[PDB]
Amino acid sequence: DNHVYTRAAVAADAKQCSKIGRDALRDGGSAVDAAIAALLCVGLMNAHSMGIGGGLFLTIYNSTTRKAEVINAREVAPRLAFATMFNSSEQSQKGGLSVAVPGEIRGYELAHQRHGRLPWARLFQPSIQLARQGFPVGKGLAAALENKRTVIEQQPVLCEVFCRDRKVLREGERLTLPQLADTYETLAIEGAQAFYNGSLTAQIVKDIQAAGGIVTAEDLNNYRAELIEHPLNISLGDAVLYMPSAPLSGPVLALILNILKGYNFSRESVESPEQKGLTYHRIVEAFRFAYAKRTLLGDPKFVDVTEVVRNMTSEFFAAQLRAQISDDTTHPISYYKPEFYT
């Protein structure tokens, strides 16, 4: 009602999923149990955004040990992939060839092995019900359906669930996801292995290949979620901020904030139009300096980003960039020294 809570909280992008997370906490789950249960639900209510066909990162903080960790469960390029496999944006955005190996479920499994208190199956239970019973389409999904109306209406396997009488569903209308319900049920009972080396695996490979893709059983069998014990951090005042390093954008975030921290922003920074306008100008310029360095980033197992990342998280380097921010003007692209090679 007010959304200040004495004991615990879940902030998701659908009300019912936040609630499902919250009930898991109430029933004795860890923060990880709650996150998994809620994520499973978001995959249904906002199926356009995320789900078991994708990948994720979790930043996890343990109040007892006072340690943070990161779980990397982002998709990987299949073993048959190569640098020049695409020659247009349409090739890399549509069809099976655009599909990378999903990590979502291995990520939930690793997190749950490390931090779970409730049984695996219990995390799926409320979403199995939801998918099978149906739910009213939310604002977010409705706008997404409208946005891709054409591609969805002309694709019968998507229209099967995302239409009513050949036209995309609108806010308020009932969406049912009966096949996913069965899939979630199999996952709950057979575990993560059903997806990667189990009863779902061959159908996954078949669906991806029929649509022109190159993912194989071997890719699924070999996928691994990765525990990172030392995530990126920066110091901000008396706080530390934990975030994922490359291949995610923690280093970009770190650089933005370390640039800006030397301006000592406060309530006064936005109290008059004069201060406010300058403050927002400085923000945009920090964004530009940080995005300049972003083009050197990539998967650190394939590209050496050690020094790039070192710079992007260094306060001294950030101070060097801040000193180049002119208070009276933005600058051309070259001024920020974007780099595509070390």
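Note that residue numbering follows the sequence shown and begins at 1.
Mean CA B-factor, 231-239 versus 69-77: the higher value falls on 231-239. On average the C-alpha atoms of 149-157 have higher B-factors than those of the other stretch, with 212-220 and 149-157 being the two compared. Set against one another, the Cα B-factors of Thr59, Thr313, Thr279, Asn62 in the record reach their highest point at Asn62.
The PDB entry assigns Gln275 a C-alpha temperature factor belonging to the highest third of its chain's modelled residues.
Annotation for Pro136: C-alpha temperature factor in the highest third relative to the rest of the modelled chain, per the entry. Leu40: CA B factor lies in the lowest third for its chain, per the PDB record. Among all modelled residues in its chain, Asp27 ranks in the highest third by Cα B-factor. Remark: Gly107 belongs to the lowest third of its chain, ranked by C-alpha B-factor as recorded.
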